[PDB]
């Protein structure tokens, strides 16, 4: 009861942490993909690959958190956008790795930033709504 309330409130820190880590994974993927387009070395290709695994890991962690009703709606949208984003970043990396046109690399890569922006904008809104519901639930328990 008190224990179950406290269990609810203690999700805050981890929920916020998972959201930011998904945020940061989306960034790191964009950053590593851009850098590999820029300089098609082994270490760069490897860093991109590692970034995509980090992204799948962050999406999964994020997916597992209980969310507020508002929060869960956005969450679905966020998670549904992650596979297309990964997919596009994989095509980029592949286009580079296989020696594509400097023009084909440019085109694959140009696809990413609109997806990145959308993904980051949804997570930012998720953070805002969830934190508001956290504040309401917080007050109910401490009252």
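Residue numbers count along the first chain shown, from 1.
- Look at the mean CA B-factor for 73 to 81 and for 27 to 35 in the entry; the higher one is 73 to 81.
- In this PDB entry, residue 117 carries a Cα temperature factor that places it within the lowest third of its chain's modelled residues.
- For residue 46, the recorded CA B-factor ranks within the lowest third of the chain. Only modelled residues enter the ranking.
- The entry lists a Cα temperature factor for residue 93 that places it in the lowest third of the chain's modelled residues.
- Among the modelled residues of its chain, residue 22 has a C-alpha B-factor that falls in the lowest third according to the deposited record.
- In the PDB entry, residue 128 places in the middle third of its chain by CA B-factor.
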